[PDB]
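In: quick one, fold the following:
(3 chains, ligands or ions: 4)
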Amino acid sequence: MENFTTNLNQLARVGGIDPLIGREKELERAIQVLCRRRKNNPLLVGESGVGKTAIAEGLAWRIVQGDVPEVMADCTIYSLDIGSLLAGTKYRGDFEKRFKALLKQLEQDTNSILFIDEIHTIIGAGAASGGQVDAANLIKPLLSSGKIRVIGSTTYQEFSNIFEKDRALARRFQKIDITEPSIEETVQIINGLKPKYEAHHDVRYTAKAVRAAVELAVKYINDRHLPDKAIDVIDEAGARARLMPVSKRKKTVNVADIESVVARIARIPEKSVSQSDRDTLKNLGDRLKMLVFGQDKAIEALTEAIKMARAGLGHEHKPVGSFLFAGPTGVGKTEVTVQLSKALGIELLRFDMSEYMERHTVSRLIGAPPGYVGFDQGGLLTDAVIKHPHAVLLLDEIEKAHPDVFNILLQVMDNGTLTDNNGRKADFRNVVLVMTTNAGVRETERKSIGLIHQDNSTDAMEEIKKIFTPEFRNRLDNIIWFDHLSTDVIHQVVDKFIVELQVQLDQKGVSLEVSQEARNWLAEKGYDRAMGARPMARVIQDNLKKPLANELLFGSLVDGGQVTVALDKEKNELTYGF
Amino acid sequence: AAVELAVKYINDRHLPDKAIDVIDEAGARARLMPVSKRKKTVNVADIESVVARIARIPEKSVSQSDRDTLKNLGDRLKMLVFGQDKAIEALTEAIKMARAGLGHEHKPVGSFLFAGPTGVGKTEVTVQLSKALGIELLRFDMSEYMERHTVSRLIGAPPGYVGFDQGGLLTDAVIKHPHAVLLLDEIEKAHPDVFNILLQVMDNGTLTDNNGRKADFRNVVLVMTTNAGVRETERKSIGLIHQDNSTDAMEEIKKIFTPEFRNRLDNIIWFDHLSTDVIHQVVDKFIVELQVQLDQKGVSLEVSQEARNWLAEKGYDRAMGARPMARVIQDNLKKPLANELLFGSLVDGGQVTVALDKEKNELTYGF
Amino acid sequence: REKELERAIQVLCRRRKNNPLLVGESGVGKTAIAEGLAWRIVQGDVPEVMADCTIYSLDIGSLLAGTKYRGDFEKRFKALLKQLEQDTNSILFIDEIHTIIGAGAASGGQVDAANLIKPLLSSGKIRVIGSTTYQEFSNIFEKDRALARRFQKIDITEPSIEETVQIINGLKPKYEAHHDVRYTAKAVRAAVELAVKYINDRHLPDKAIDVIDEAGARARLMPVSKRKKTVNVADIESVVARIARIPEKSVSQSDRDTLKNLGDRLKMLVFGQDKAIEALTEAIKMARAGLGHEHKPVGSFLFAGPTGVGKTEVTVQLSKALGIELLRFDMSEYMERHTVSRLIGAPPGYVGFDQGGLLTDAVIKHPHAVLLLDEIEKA
Ligand SMILES: Nc1ncnc2c1ncn2[C@@H]1O[C@H](COP(=O)(O)OP(=O)(O)OP(=O)(O)O)[C@@H](O)[C@H]1O
Ligand SMILES: Nc1ncnc2c1ncn2[C@@H]1O[C@H](COP(=O)(O)OP(=O)(O)OP(=O)(O)O)[C@@H](O)[C@H]1O
Ligand SMILES: Nc1ncnc2c1ncn2[C@@H]1O[C@H](COP(=O)(O)OP(=O)(O)OP(=O)(O)O)[C@@H](O)[C@H]1O
Ligand SMILES: Nc1ncnc2c1ncn2[C@@H]1O[C@H](COP(=O)(O)OP(=O)(O)OP(=O)(O)O)[C@@H](O)[C@H]1O
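Out: Numbering: from 1, shown residues only, chains lettered A, B, ... in the order given. Ligands and ions are numbered 1, 2, ... in the order given. Now the structure:
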């Protein structure tokens, strides 16, 4: 035992193991179990990071501090490192001699408790031959006879998958469920532990820093439990603050440092909103109007959703915003979204919904159910939002997906979550959801029969309503109708496309000038309300790019020249040059 | 009592030692009593306390603060969910019976199907119930169980398969939290094979997982929500008089959930549409949420009564429930505030006054 | 990678569970950073807190190698940890840290490297820097919750274009030394820009570097015939083009005439329908000229008409004339809605999941190709 276990009273008394705060009921049972006539061995079972070891060792602390029932007073708790019982072995029989020697020592002390953490690891030692499991074979009678007292500890999952197969062991200890504290209990736990962080990091925490670490961690960090989750924030903020005095920036850790840390851990930005990001955001609405012409209202809706979220007036558990972009083809429905993600500097997660035409294609978003082929793959959607929690999520031509696929978004739009096939949750609260569609267009573009042409603008009233179930629609922030582009827009579109052409040419060492007459001509020639801005690229392709490709490819316009294009008036034909 | 209670509440061990353990812990418990110098014998009440602790169930509520918490549970919920009183009452009645002891031998605390128009707090009330009671909410978006084979994610892969150690997500959630509110959202979206899992739960309080262990739902409140019948509810009839289609919505529910399912529910509660009175309450609720969000930035907010009356009058839509009201709040209050909070006077300001004129019915703003 | 290290240091500086885990896509510099810190410590490019501390890199294979008998592994494992605990100013670094979870427990037991490490991380006794990909982190580290709680995940993203150029400028001298080459400024900038435009299934820090290394390696085989030269943008372009399959610079050579005469080689084979020939010929020329569509296909043209008029023959002849692969897809075989899974594959969990997807594999194998979809109206 001398070099296999740790005397926890000795440790708790001299170095300290950090105080245990609260957990009155947890200890009440542990003691009542330890006080039983037989099988007086509690097992602390729970979610990782809830204080299972904190309690098991915390008991040693209470004993050395005298804060125990006299029954427990003066008893010694020893923690066993089973790794050391194997490190000292090699051939047959040495393990058992060593293992039993420790048991004899516990029996001889008579007033001691052994603590075995990771209790599910006591299964082992036997190998090659085996059948002698250690875990049960060397201790079943020790536990059932009351000769020794053992406190164990385990993760709830390990407990059911491993620590629960051996019924004989399952029967020999009383399980105590350690659940995670609530907000207040977490705050008091921090206050009790706080002096150790302040002492370790040479920092001090404000009342708000502590209050906030708990509330913020709960809201933003969701893969850990409260008592160790809020601590990471406090400890991390401490470690960060400790790196300031290096430039003499000695300071108290305040709520501002906590928010910076939570924001970094959760990858959700929070303080830059007060800095230059105010202008990046302020100007967002206009940068996008230089890329998508017309459609200002779509730009505003996106811009507004983002501003509210950055302002802090977002929702508590919804995507940044979620609206469907409907309209005629070639009017900037996907273009504004692509540009939004560029303007914001964030990842664009683009899915083509045309690929999800069968009901069973949902498995590509979620992953196969356990037990199936594609299980370890995970889901493509849930994974995309996990790697990039701050993103623009674009679902192109959503009306092409099998309609049951839309059901996947009900919980996304409403709770910001989606659960993958491993049970992990996607978190969409920092994702802008944009879905585009051509629903209703075929109808809006149809001519009616009669003397008076009917106004078919109520496409929203039929196709959008028939395609998207009421519960889907009622979760959208908006349904935004993109219009056909006007001729004023076409002129802007043509200018835009010519610039794109100029850039491709600049990269080849040549440049292009187009006269205004030539531009107006191309705009006038290509406009077709029905196809939006889509054909303008073809008009440019035929009137400017084809001529240029011949000049670029066969030597007429290569190194040494530039091309000027002008329109004549007689034929309205374009000129070219060098 | 140790013997007859252990067989009812402790189900992972055989009787000899299962009952002795109750006796032994009760013994130890009583042994730790005369430290206060109060000598004890072990009565039925001490046995019941031990079983309650071993089985992870509630003991006796009348002398507890739980008595008061339970007594006015309906009142607190009515402050969060307006209207739909009958749903609130059904939930609290089932709970009271269970704590009263007038429960079921082997069934969930109660089992309800929440049906009705959208935007009505079918989900909202369940979420608040778990908060009001202080217990874990176990959620399961049923839209994610659309294929016959998705059942294995609820109960785990069969042994020997790639998803065998993961276990089931449902049985594990229940095992970890035996006393909980279990919410199955949009249950009608799940593949019907899923309902077969629910039928046995509703009748026995239990599911066997892929490890052969059982989840005990005896202390779980089971609420599942649905939109079955909504498209029909919102349909307008042909004629001069619009018809009440709630009767057809039920026909839709009865086609999705077969008699075998329906007979295992304690109730099917058809939630009604929200009234204008409710909207006024809803608007105040949303404004308060806004005020809280603003307080977090150090900004106070006043909204006049007329501004409230107007927002409520503007946003009400009987068919869409309360969800649109939040849209009204975003456009009339949050957007203006975001600009002031982000680029203007409220950054280090801290105050905003909102009222409207009568001539334009436009809102005021500013520090 | 200043911020990536700032966080790593802040994690190492924590009181407990001060073990950063570097998680990211492959080829993004995760291990470059962990080794980079050892480099910075030695060079004095780190806070005094890290200064003078030793980072050791663990060979899991040598730790497990030879551990026969019951107890040798456990002994070696513990000896290592003891040595680290007695150093008091060291950090252990583990590549592919998810593999520690698979350390050899001898038999049916659970005593292995992860179970033996856990208490020393919780206690703050030792410091470990881990490294794993987002996929290995998800399928391995994410599952062992207790171990995962002892690491602080650092999210390492792919660098920008400007950042990639800068790492090349820093790394460059070693490629120059290794290959006996020198790289021009244009060569470096282009490796990054071109790799971004043309090389898929890789991340920048690696993608640009791979081009620099190969181009250096190409030039390394020139002064064997004493064709000594530097690596210019043209050589970088050639290397990327090897992968991209359509060079932007060779278009200026004999390729100009191969392309110029394309229209006539096709007119002599397909008669009438000159307009189809022109449509195809022009699309290619623009694409080779550089007047492409940035992200769209070379061109997409529906050929409609009476039978026996050369609609598929001209496309077949095009692929022949160009010297490129013809990918054929008979649309009549996709006569039903569900037949789409033949083109892209079955969803995960379904029979045939690992069979592939005919269209996506055809295109992936042959990036430069003519894709012909016969009788599209029959799909
Ligand atoms: N009363 C408490 N005493 C000590 N620690 C507590 C307490 N309550 C919560 N904690 C938190 O839990 C941790 C205490 O250590 P503990 O051994 O209990 O972890 P754990 O719950 O067993 O997690 P794991 O399964 O990974 O070992 C600390 O992070 C601490 O912030
Ligand atoms: N308002 C606009 N300003 C400038 N260019 C535009 C505009 N609208 C469309 N375009 C042009 O069309 C493209 C933008 O993509 P767009 O959003 O129109 O796709 P879409 O609306 O989804 O149509 P589809 O039905 O084919 O998917 C760009 O090439 C862009 O030059
Ligand atoms: N009776 C109510 N009182 C106040 N707010 C309500 C009420 N009912 C619904 N709401 C509003 O709805 C919001 C939550 O939506 P809810 O949970 O009710 O949708 P649902 O019941 O699931 O219906 P569906 O999903 O079919 O659209 C609440 O935050 C609340 O603002
Ligand atoms: N314009 C042409 N000039 C010379 N030969 C030709 C022409 N068209 C077709 N042919 C010949 O006739 C045969 C059929 O040609 P092809 O398959 O390309 O026509 P198609 O448009 O595909 O008809 P289908 O409607 O059946 O698909 C080929 O062997 C081809 O050599």
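
In: what sits closest to residue A:494 if chain neighbours are left out?
Out: residue A:523 (4.5 Å; C-beta to C-beta, 6 or more residues apart in numbering or on different chains). Yep, even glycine has a C-beta here, placed from its N, CA and C like the rest.

In: confirm that that neighbour sits in a helix.
Out: Yes. Applying DSSP: H, G, I helix; E, B strand; the rest coil, one finds residue A:523 inside a helix.

In: wait, it sits on residue A:536?
Out: Yes. Assessed by C-beta atoms under 8 Å, residue A:523 is found in contact with residue A:536 at 7.4 Å.

In: which neighbours do those two share?
Out: A:490, A:493, A:494 (C-beta atoms under 8 Å, 6 or more residues apart in numbering or on different chains).

In: so which bits of stretch A:514-533 are buried?
Out: A:514, A:518, A:519, A:521, A:522, A:523, A:526, A:527, A:528, A:531, A:532, A:533 (16 or more other C-beta atoms under 10 Å in any protein chain shown).

In: ok, so of those, who is nearest residue A:371?
Out: Closest approach between the buried residues of stretch A:514-533 and residue A:371, by C-beta to C-beta: residue A:532, at 47.8 Å.

In: not counting its neighbours along the chain, what's nearest the closest one?
Out: Residue nearest to residue A:532 in three dimensions, not counting chain neighbours: residue A:330, with 2.9 Å by C-beta to C-beta, 6+ apart.

In: same question for residue A:360.
Out: residue C:347 (5.2 Å).

In: list the residues that contact the one you found.
Out: By C-beta under 8 Å, 6+ apart, the contact set of residue C:347 is A:358, A:360, A:361, A:362, A:363, A:364, A:368, A:374, C:341, C:353.

In: so which strand or helix has residue A:97?
Out: helix A:94-109 (DSSP states H and E).

In: please settle this for me: is residue A:560 part of a strand?
Out: No. When classified by three-state DSSP, residue A:560 is found to be coil rather than part of a strand.

In: mind checking the SS state of residue A:190?
Out: Classification of residue A:190 using three-state DSSP returns helix.

In: for residue A:113, give me phi and psi.
Out: Main-chain dihedrals, residue A:113, degrees, to the nearest 10: phi -120, psi 130.

In: show me what it bridges to in the sheet.
Out: residue A:77, residue A:149 (DSSP bridges).

In: picking up where we left off before, among the buried residues of stretch A:514-533, which ones are in helices?
Out: A:518, A:519, A:521, A:522, A:523, A:526 (DSSP state H).

In: restricting to C-alpha, output stretch A:163-183 in CSV.
Out: Provided in CSV are the C-alpha atoms of stretch A:163-183 (Å, rounded to 0.1, in the frame of the first residue of the first chain):
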residue,chain,number,x,y,z
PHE,A,163,-19.0,-1.2,-14.8
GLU,A,164,-22.3,-3.0,-15.5
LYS,A,165,-21.9,-6.4,-16.9
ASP,A,166,-20.5,-7.9,-13.8
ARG,A,167,-23.6,-8.4,-11.8
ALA,A,168,-21.7,-9.6,-8.8
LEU,A,169,-20.0,-6.3,-8.6
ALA,A,170,-23.1,-4.4,-9.5
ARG,A,171,-24.7,-5.9,-6.5
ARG,A,172,-21.8,-5.1,-4.1
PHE,A,173,-21.9,-1.3,-3.9
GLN,A,174,-24.7,1.2,-3.5
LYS,A,175,-25.1,3.7,-6.3
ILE,A,176,-25.4,7.4,-5.6
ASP,A,177,-26.2,9.7,-8.5
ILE,A,178,-24.3,12.8,-8.6
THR,A,179,-26.1,15.4,-10.7
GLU,A,180,-24.9,18.8,-11.8
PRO,A,181,-25.6,21.8,-9.5
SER,A,182,-27.8,24.6,-10.7
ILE,A,183,-26.8,28.2,-11.2
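
In: how far does it sit from the chain's center?
Out: 31 Å (C-alpha atoms, centre = their mean, to the nearest Å).

In: one more: stretch A:327-335?
Out: Taking mean C-alpha positions (C-alpha atoms, centre = their mean), stretch A:327-335 and its chain are 30 Å apart.

In: what about that stretch, near ligand 2?
Out: Yes. Judged by C-beta under 6 Å from any ligand atom, stretch A:327-335 and ligand 2 are in contact via A:329, A:330, A:331, A:332, A:333, A:334, A:335.

In: quick one, strands of the stretch 1-150 of chain A?
Out: A:5-7, A:42-46, A:76-80, A:112-116, A:149-155 (DSSP state E, counting those that start in this stretch).

In: up against ligand 1, what does chain A have?
Out: A:18, A:20-23, A:48-54, A:58, A:155, A:189, A:227-228, A:231.

In: switch to 8 Å and redo it
Out: Taking C-beta under 8 Å from any ligand atom as the criterion, chain A approaches ligand 1 at residues A:18-23, A:44, A:46-58, A:117-118, A:153, A:155, A:178, A:180-181, A:185-186, A:189-190, A:192-193, A:225-228, A:230-232.

In: what about the closest residue to ligand 2 within the stretch 351-500 of chain A, helix or strand, and which?
Out: The stretch 351-500 of chain A approaches ligand 2 most closely through residue A:493 (4.5 Å), counting by C-beta to the nearest ligand atom. Per DSSP H and E: residue A:493 is located in helix A:487-506.

In: just the CA trace of that helix, in PDB.
Out: Provided in PDB are the C-alpha atoms of helix A:487-506 (Å, rounded to 0.1, in the frame of the first residue of the first chain):
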ATOM      1  CA  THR A 487     -33.500  48.200 -67.100                       C
ATOM      2  CA  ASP A 488     -31.700  50.600 -64.700                       C
ATOM      3  CA  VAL A 489     -30.400  47.600 -63.000                       C
ATOM      4  CA  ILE A 490     -29.400  46.000 -66.200                       C
ATOM      5  CA  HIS A 491     -27.200  49.000 -66.900                       C
ATOM      6  CA  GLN A 492     -25.600  48.500 -63.500                       C
ATOM      7  CA  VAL A 493     -25.300  44.700 -64.100                       C
ATOM      8  CA  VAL A 494     -23.600  45.300 -67.400                       C
ATOM      9  CA  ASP A 495     -21.200  47.700 -65.800                       C
ATOM     10  CA  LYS A 496     -20.500  45.000 -63.200                       C
ATOM     11  CA  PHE A 497     -19.900  42.300 -65.700                       C
ATOM     12  CA  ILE A 498     -17.700  44.500 -67.700                       C
ATOM     13  CA  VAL A 499     -15.600  45.000 -64.700                       C
ATOM     14  CA  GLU A 500     -15.300  41.300 -64.100                       C
ATOM     15  CA  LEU A 501     -14.100  41.100 -67.700                       C
ATOM     16  CA  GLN A 502     -11.600  43.800 -67.200                       C
ATOM     17  CA  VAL A 503     -10.100  41.900 -64.300                       C
ATOM     18  CA  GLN A 504      -9.700  38.700 -66.200                       C
ATOM     19  CA  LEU A 505      -8.000  40.800 -69.000                       C
ATOM     20  CA  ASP A 506      -5.800  42.700 -66.600                       C
END
